[PDB]
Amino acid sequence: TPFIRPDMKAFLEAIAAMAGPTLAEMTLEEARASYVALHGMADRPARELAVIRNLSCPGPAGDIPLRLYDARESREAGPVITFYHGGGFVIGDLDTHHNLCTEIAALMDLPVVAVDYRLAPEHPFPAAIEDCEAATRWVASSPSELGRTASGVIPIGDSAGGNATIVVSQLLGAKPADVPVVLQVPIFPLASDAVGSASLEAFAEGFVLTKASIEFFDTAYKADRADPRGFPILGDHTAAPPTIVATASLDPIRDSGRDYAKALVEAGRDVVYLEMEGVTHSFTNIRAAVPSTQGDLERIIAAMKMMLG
């Protein structure tokens, strides 16, 4: 009997009533479409912003599509948020996380660049990482197409995108971009392997992200368990940038986030650890269906402003 907020519980009960096919039982196109539909019905609508523009940058496999969000038509030099969507490196796109990006841009009053990175199984590991790194370096170079100057970058993302957040910060730590990572925000990230964790067993079914979906994503992406680009708990934490780790108490991969924040403390790094109580994985994108999750996102926003000082 873990604690569940009443509005969270109602949402889980509706998912249980729906009782759909698993991701593995659907076609890939169907699995991706179902995620579009979930966030479409569950998340708050997009904020209005002065700037919402599609861009691209060069990557190792070809052009990488991007989307720029800014509440301001004109802005001086400052940090730029570089966002990587969740979806297991298999599903999601610029639209599944669009509304959340408009919210981050509105509430932070900073520009946000979302990355449409290549997906598995068509593009296995490390394709997503290659694209997130390349796009982040590109933003960090203050290209003219961006129309903003970056004094620093702020990698952020949910779930797989939280994995990408940490990996990108490690890659740029080892080989700097034109400006530093001034803050990273991995939100319910995969950092250590969740297999064998107590959270994975406790929350394997009925908490939005299932063990079955985790296995489906793992089989498609094919990350090597010994590769720090796949499991960034294995990386060097001694110069990690300022970090905010946000987890959910009902998340099967909660303990992976716990592990990462513990490793940052162990290495003497500054970190805010926030474990949202009574909500699940994906809480950043269900803010209409579960209204209390808007408050959880606002807590991350407040921690970001504090850590940016």
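All residue numbers are counted from 1 along the displayed sequence.
Annotation for 50-58 versus 275-283: the higher mean temperature factor (C-alpha) is found in 50-58. Stretches 143-151 and 96-104 differ in mean C-alpha B factor, with the higher average recorded for 143-151. Of the candidates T136, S74, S159, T165, the deposited coordinates give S74 the top C-alpha B factor. If you compare the C-alpha temperature factors of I187, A202, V112, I129 in the entry, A202 comes out highest. Among the modelled residues of the chain, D43 sits in the lowest third by CA temperature factor in this PDB entry.
When the modelled residues of the chain are ordered by their C-alpha B factor, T22 lands in the highest third. Per-chain ranking of the deposited C-alpha B factor places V290 in the middle third.
Compared with the other modelled residues of the chain, the Cα B-factor recorded for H123 ranks in the lowest third.
When all modelled residues of the chain are sorted by CA temperature factor, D63 is found within the highest third.
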